[PDB]
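So the structure is just underneath, and the comments pick up after that.
Just so you know, ligand 1 is whichever comes first in the structure, and atom 1 is the first atom listed for that ligand. Computation of the quantities below employed the complete heavy-atom set of this structure, encompassing side-chain atoms and omitting hydrogens, waters and symmetry-equivalent molecules. A, B, ... follow the sequence lines: proteins, then strands. Residue 1 opens every chain.
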Amino acid sequence: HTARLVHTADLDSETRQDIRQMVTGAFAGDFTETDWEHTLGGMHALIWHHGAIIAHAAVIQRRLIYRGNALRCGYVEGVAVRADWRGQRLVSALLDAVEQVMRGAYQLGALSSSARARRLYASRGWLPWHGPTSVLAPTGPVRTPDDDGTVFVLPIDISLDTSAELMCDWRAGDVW
Amino acid sequence: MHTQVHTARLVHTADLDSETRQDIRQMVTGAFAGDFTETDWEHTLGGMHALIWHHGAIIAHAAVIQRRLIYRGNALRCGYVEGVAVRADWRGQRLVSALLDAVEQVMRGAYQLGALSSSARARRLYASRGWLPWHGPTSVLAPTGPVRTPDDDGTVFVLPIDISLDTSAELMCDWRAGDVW
Ligand SMILES: CC(C)(COP(=O)(O)OP(=O)(O)OC[C@H]1O[C@@H](n2cnc3c(N)ncnc32)[C@H](O)[C@@H]1OP(=O)(O)O)[C@@H](O)C(=O)NCCC(=O)NCCS
Ligand SMILES: CC(C)(COP(=O)(O)OP(=O)(O)OC[C@H]1O[C@@H](n2cnc3c(N)ncnc32)[C@H](O)[C@@H]1OP(=O)(O)O)[C@@H](O)C(=O)NCCC(=O)NCCS
Ligand SMILES: NC[C@H]1O[C@H](O[C@H]2[C@H](O[C@@H]3O[C@H](CO)[C@@H](O)[C@H]3O)[C@@H](O)[C@H](N)C[C@@H]2N)[C@H](N)[C@@H](O)[C@@H]1O
Ligand SMILES: NC[C@H]1O[C@H](O[C@H]2[C@H](O[C@@H]3O[C@H](CO)[C@@H](O)[C@H]3O)[C@@H](O)[C@H](N)C[C@@H]2N)[C@H](N)[C@@H](O)[C@@H]1O
Ligand SMILES: Nc1ncnc2c1ncn2[C@@H]1O[C@H](COP(=O)(O)OP(=O)(O)O)[C@@H](OP(=O)(O)O)[C@H]1O
């Protein structure tokens with residue numbers, strides 16, 4: 001149980017489908033077409049057991065604007081461990097892989113965490129954002145209050161004032 | 001399995017060791033006759049580097065990084081091609097074709113479209129492979145809101161993957177430091 005990293009373009013149709021179905025099941029169905037689209041394009045950390053995917057996390061590239069700078073961010077999407085495999089720290093192995101990618105390629109990692117996972121991210125050195133969050137929408141900056149309190153960041157090569165504004169870039173569905 | 005000689009190899013930025021990273025940076029900077037800034041280098045990072053090796057040196061490079069391009073209010077998932085370069089002593093042998101086979105493979109497997117802003121000398125190379133010239137006005141979604149990027153008009157090319165785009169429409173890239181396209 002060490003995770004393997006595979007870019008989206010290296011997944012065959014069968015594997016891509018196994019991943020989407022496992023993740024959707026792990027979120028008990030609370031996983032939409034846009035949530036799935038948000039897991040695509042970057043590196044997937046995958047753990048298998050007998051040809052079955054039992055754990056997944058994806059890290060995709062985007063920009064987060066902090067103090068006027070568009071920081072190169074590794075954004076974590078779709079972190080999930082199959083229900084019958086929970087409580088064995090498989091998530092720790094997924095994050096070891098995701099974090100290795102962030103140290104090698106990004107200025108910071110970030111994600112919008114489900115409440116049950118917040119203790120886990122904090123224990124690993126992720127920081128909860130306290131300042132107001134926004135998104136740079138096509139019409140300009142728009143606050144995203146529904147996502148306040150869910151965003152976490154992992155600084156790699158920058159010290160951060162986590163009470164400053166933080167503004168993610170645009171996409172469909174949930175922007176955070 | 002043959003030797004894989006001059007087949008481009010795809011390596012994520014996080015998997016580049018410092019020696020390879022330095023070799024890519026100096027090779028690409030030299031290929032652009034030095035017109036390759038600190039921000040142009042930052043723009044090649046975070047995605048997949050297609051690398052061609054010869055005697056332990058990088059003789060060709062192209063990076064595909066992920067960003068969003070906004071088309072008709074839609075945020076398209078885009079593989080953006082940066083730093084396309086073939087070291088000067090190896091030019092004229094179609095190695096850029098080997099780089100683009102890998103780049104295009106990445107687009108079909110992971111993005112809604114590939115895009116890039118081409119130097120004038122390479123516009124015909126991309127067009128011959130099926131990349132479409134973007135005819136409409138380009139802009140960027142800067143922190144203050146949309147703003148036109150006329151200097152970049154006529155340089156952008158796209159490779160749609162199973163989506164249909166009206167290439168005469170406005171196309172707006174997302175924000176970053178330096179050249180936004
Ligand atoms: C959050 C999640 C990835 C954790 O994966 P994991 O590998 O099971 O994590 P851990 O083993 O460290 O367990 C985390 C907690 O889950 C709980 N847990 C233990 N066994 C469990 C089980 N059999 N079923 C469900 N939850 C269980 C415990 O509270 C545990 O905390 P502890 O370390 O103090 O015991 C997983 O629960 C999951 O996929 N949940 C649904 C999707 C989700 O919210 N993903 C996160 C999005 S940010
Ligand atoms: C653009 C580039 C990647 C093409 O690489 P390549 O593998 O040499 O491509 P090709 O073999 O198909 O040659 C392209 C053209 O370059 C020209 N060429 C041939 N030999 C050349 C040489 N030794 N030196 C420079 N240009 C040469 C020819 O016009 C050739 O076209 P042709 O096949 O119709 O005769 C390369 O010229 C380069 O790195 N240029 C500098 C950086 C830059 O502009 N890159 C593109 C950024 S979008
Ligand atoms: N519902 C699937 C999504 O869940 C998590 O992300 C969301 C996050 O968690 C989901 O919401 C449920 C209630 O907290 C929680 O139970 C979550 O369902 C949510 O609180 C934020 N407001 C928006 C985040 N995008 C994951 N980080 C995200 O990758 C995934 O696509
Ligand atoms: N100067 C280095 C950059 O060049 C190419 O891209 C630029 C592109 O080409 C550079 O400009 C020279 C003249 O066209 C050409 O000689 C080019 O120098 C330029 O025309 C666009 N206005 C902006 C593009 N970012 C590459 N696509 C880009 O990846 C690289 O970072
Ligand atoms: N009325 C409720 N019934 C059941 N669970 C709820 C209720 N309202 C909110 N929740 C859940 O309880 C959590 C509430 O989220 P909050 O962001 O308010 O954080 P909190 O638990 O630290 O107070 C969520 O769990 P999840 O993110 O792990 O999925 C949310 O789903």
Side-chain angles (χ1 to χ4, degrees), chain A residues 20 23-40 42 44 56-60 75-80 91 94-95 98 109-122 126 128-129 133 135 144-152 168 171-176, chain B residues 6 8 27-36 40 43-44 50 52 58-63 80-101 103 114-129 131 152 155-157 179 181:
Chain A
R20 177 178 185 162
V23 175
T24 300
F27 279 91
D30 184 3
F31 196 77
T32 70
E33 187 66 37
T34 55
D35 289 327
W36 170 242
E37 191 279 345
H38 296 166
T39 75
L40 305 176
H44 305 261
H56 165 275
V59 58
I60 64 86
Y75 206 72
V76 190
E77 289 280 0
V79 171
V91 72
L94 291 176
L95 298 175
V98 155
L111 57 80
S112 171
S113 179
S114 63
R116 68 193 75 179
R118 290 182 200 153
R119 308 166 56 158
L120 165 75
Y121 292 123
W126 291 71
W129 200 263
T133 62
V135 55
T144 45
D146 297 347
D147 301 307
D148 287 326
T150 70
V151 177
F152 281 71
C168 65
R171 60 186 194 184
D174 276 308
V175 294
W176 288 106
Chain B
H6 300 164
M27 190 283 281
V28 178
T29 301
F32 279 89
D35 177 6
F36 189 82
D40 291 321
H43 293 166
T44 72
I52 296 183
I58 298 299
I59 62 170
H61 167 272
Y80 203 72
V81 194
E82 291 278 358
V84 174
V86 165
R87 199 174 75 185
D89 55 331
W90 279 94
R91 281 175 197 166
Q93 317 191 359
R94 297 177 176 186
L95 283 177
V96 68
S97 185
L99 286 177
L100 295 172
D101 283 346
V103 170
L116 55 81
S117 160
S118 179
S119 66
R121 318 170 287 162
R123 292 176 198 154
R124 67 182 177 91
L125 316 174
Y126 295 123
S128 72
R129 285 178 74 92
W131 288 67
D152 300 308
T155 66
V156 176
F157 279 73
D179 279 320
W181 291 100

Would you verify that at least one protein heavy atom lies under 4.0 Å from [atom], or report that none does?
{"atom": "atom 18 (N) of ligand 2", "result": "no"}
{"atom": "atom 41 (C) of ligand 2", "result": "yes"}
{"atom": "atom 33 (O) of ligand 2", "result": "no"}

Between [X] and ligand 2, find which residue part has any heavy-atom pair under 4.0 Å and reply side chain, backbone, both or neither.
{"X": "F36(B)", "result": "neither"}
{"X": "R124(B)", "result": "side chain"}
{"X": "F32(B)", "result": "side chain"}

Exercise for the section: Within a distance under 4.0 Å of any heavy atom of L95(B), pick out the atoms of ligand 2 and give their elements. Expected result: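 It comes down to these atoms of ligand 2: 7 (O).
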Exercise for the section: Would you mind listing which atoms of ligand 2 come within a distance below 4.0 Å of any non-hydrogen atom of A85(B)? Expected result: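 Those of ligand 2 that fall under 4.0 Å from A85(B) are 39 (O).
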Practice task
Report yes or no: does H43(B) contribute a side-chain atom to a donor-acceptor pair with the main-chain N or O of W181(B) at less than 3.5 Å?
Solution key: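 Here the side-chain-to-backbone pair does not exist.
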Give me the residue, atom name and distance of the protein heavy atom closest to [atom].
{"atom": "atom 22 (N) of ligand 3", "value": "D147(A) OD1, 2.8 Å"}
{"atom": "atom 8 (O) of ligand 2", "value": "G92(B) N, 2.8 Å"}
{"atom": "atom 29 (O) of ligand 3", "value": "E77(A) OE1, 2.7 Å"}
{"atom": "atom 25 (N) of ligand 3", "value": "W176(A) O, 2.6 Å"}
{"atom": "atom 9 (O) of ligand 3", "value": "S114(A) CA, 3.8 Å"}
{"atom": "atom 46 (C) of ligand 2", "value": "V84(B) O, 3.4 Å"}
{"atom": "atom 17 (O) of ligand 5", "value": "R118(A) NH1, 2.9 Å"}

Practice task
Return yes when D30(A) approaches ligand 3 closer than 4.0 angstrom through a heavy atom, no otherwise.
Solution key: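 True for this residue.
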Problem - Intermediate values then yes/no, ring pair (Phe, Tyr, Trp, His ring centres under 6.0 Å), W126(A) and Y121(A) - result: CA-CA 5 Å; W126(A) 291 71; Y121(A) 292 123; 5.7 Å; yes
Handout entry: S119(B) N/O to ligand 2 N/O under 3.5 Å
Key =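 The answer is yes, given that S119(B) and ligand 2 share an N or O pair closer than 3.5 Å.
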Exercise for the section: Flag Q93(B) as yes when one of its N or O atoms lies below 3.5 Å from any N or O atom of ligand 2, and as no otherwise. Expected result: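 In this structure, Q93(B) places an N or O atom under 3.5 Å from an N or O of ligand 2.
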Handout entry: Geometric N/O contact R116(A) with ligand 5, under 3.5 angstrom
Key =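 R116(A) vs ligand 5: N/O contact under 3.5 Å present.
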